[PDB]
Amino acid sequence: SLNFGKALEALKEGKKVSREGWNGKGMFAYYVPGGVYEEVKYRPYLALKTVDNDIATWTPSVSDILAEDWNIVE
């Protein structure tokens, strides 16, 4: 049971995190670093592997930020 601050550090280190309140085992969020792609530089962002096994751009809600039921998933 971690707060969002330590879950954010885990994200910035490349780890996967999830919430017990999400009610979705298999769901995890991860951090995508920024990069340069006549060259375009992309900002870092957060992503989520959903229950539909697809990738979606993720923005934490206020409940996610205030929650203290975070866990690091392998």
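When you see a residue number, it is the position in the sequence shown, counting from 1.
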property	result
Gap size between residue 38 and residue 37, counted in deposited residues that the entry leaves unmodelled	10 or more
Entry-level comparison of average CA B-factors, 59-67 and 14-22, reporting the higher stretch	14-22
Residue range whose averaged C-alpha B-factor is higher in the record, 5-13 or 49-57	49-57
Assigned third (lowest, middle, highest) for the C-alpha B factor of residue 32	middle
